[PDB]
Structures are given as C-alpha cells and as structure tokens.
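Please read the structure below before turning to the comments.
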Amino acid sequence: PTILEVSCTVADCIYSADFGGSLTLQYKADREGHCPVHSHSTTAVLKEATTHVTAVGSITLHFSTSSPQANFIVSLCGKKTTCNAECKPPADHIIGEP
Amino acid sequence: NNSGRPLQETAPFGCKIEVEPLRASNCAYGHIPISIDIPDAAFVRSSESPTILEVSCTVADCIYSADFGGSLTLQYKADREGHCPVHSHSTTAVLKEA
C-alpha cells in the first residue's frame, strides 16, 4: 500500500536515552497493509518498525532524540514528512540505559 | 472576672483552637510546596491512551464566582475510546471534572 497523503503532529518530546518522545502520523492510503515506518535523521530513532496501515486514519509512534529540537524527516512507505518540534531538557540526571 | 474573650473567638484565619495538646486545627494560610515521586506503574505510554486529533472550545454563559458557575463545551476528534484527563493550565480557573 502506497499511502496518498500523510502529515505529522508531534506531542511533548524530550531528548534522553529512553524513548521520551511521542508523535502521531495522520495518513490517507488506499489499502490495508503492513507499511514500514522509519526516521531519516541521525539524531532520532523510532520504537516501532512495521505498522499496520489502513485506508484512512492515524498511528501513534514513539521516538528518542539527542537534539534539543525535533527537526527530522519521518518516512512512511516512502512518503516523507518533516516533523518539527521543540524538546525540553530531561528531568532525570542518571539512567540505567545507554 | 476580667478574663476577656478566649483565643478560640479571636484566632485569625479561622483556626479552631483545641487543647490537650494546645494546637490550631484547620489554619488556612499561605501555600505549602509538595514534591511527590509518583510510582512508575501508574504512567502509561502515549500509544495506549487515545490521543485526540483536534479540540475546539466553545464557552457558554459564565459568571466569575466561587461556585462552579461557568460552563463550556469541547468538540473533540480522537482515534479510540478512552478516559482522557482534562485540566486548566491557568491560575485563575479550575475544573469540576479531572
């Protein structure tokens, strides 16, 4: 399924080792399938890899970033959209994760 | 004979003076800073609680008072049925429902 029109709306985000960022992709596609989602930046990584895509709807995804600002392109079945955000400093000081 | 009035009828801020031990109960004054470490079990990731695509607010007739005399309506669009919390981030407004 090659999606037709997708847009990105980013919720509260934070730059830390843990997955302290969330966003939503509002998509309009043509078939029910298993589209692969990805991040096209070196300073952001998603949690989910393959997401069930419907005809029209939304998908919520998580991400971790190292930049103070989320200024990164997310790709869904090839279609690219630039997510613009503003991530605050982390609340914690130390983590048990890399 | 010249004892005057007791402190029960003169203590400001409406603090009820009680004895054994001497103390003032329900003395409403100032603010207290409270730091709460909420357990990690209560929190849930954003992918479970239904994010809402958009919300529009329409305020009905209101009177600024102590009682919950003001009303409003929120037109919401979401992707799933859930139990969302509602808050007012202004200092001069509070909500009956949370």
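Throughout, chain A uses Swiss-Prot numbering, with the displayed residues spanning 1091-1188 in order.
Method on record in the header is electron microscopy, 3.4 Å.
Positions of Cβ are set from backbone N, Cα and C atoms, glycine also.
Features of the protein shown, as given by Swiss-Prot:
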- A:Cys1098-A:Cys1173: disulfide bond (DISULFID)
- A:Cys1103-A:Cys1177: disulfide bond (DISULFID)
- A:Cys1125-A:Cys1167: disulfide bond (DISULFID)
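Here the features listed in Swiss-Prot are placed on the structure.
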residue	record	contacts (Cβ under 8 Å, 6+ apart)
A:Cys1098	disulfide bond	A:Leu1113, A:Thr1114, A:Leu1115, A:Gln1116, A:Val1164, A:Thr1171, A:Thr1172, A:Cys1173
A:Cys1103	disulfide bond	A:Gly1110, A:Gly1111, A:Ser1112, A:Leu1113, A:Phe1153, A:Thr1155, A:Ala1160, A:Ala1175, A:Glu1176, A:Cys1177, A:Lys1178
A:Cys1125	disulfide bond	A:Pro1091, A:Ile1093, A:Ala1119, A:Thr1140, A:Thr1141, A:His1142, A:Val1143, A:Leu1166, A:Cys1167
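There are 22 other CB atoms within 10 A of the CB of A:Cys1173 (disulfide bond), with all protein chains counted. Listed disulfide-bonded residues: A:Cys1167, A:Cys1177; maximum Cβ neighbour count within 10 Å falls on A:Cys1177.
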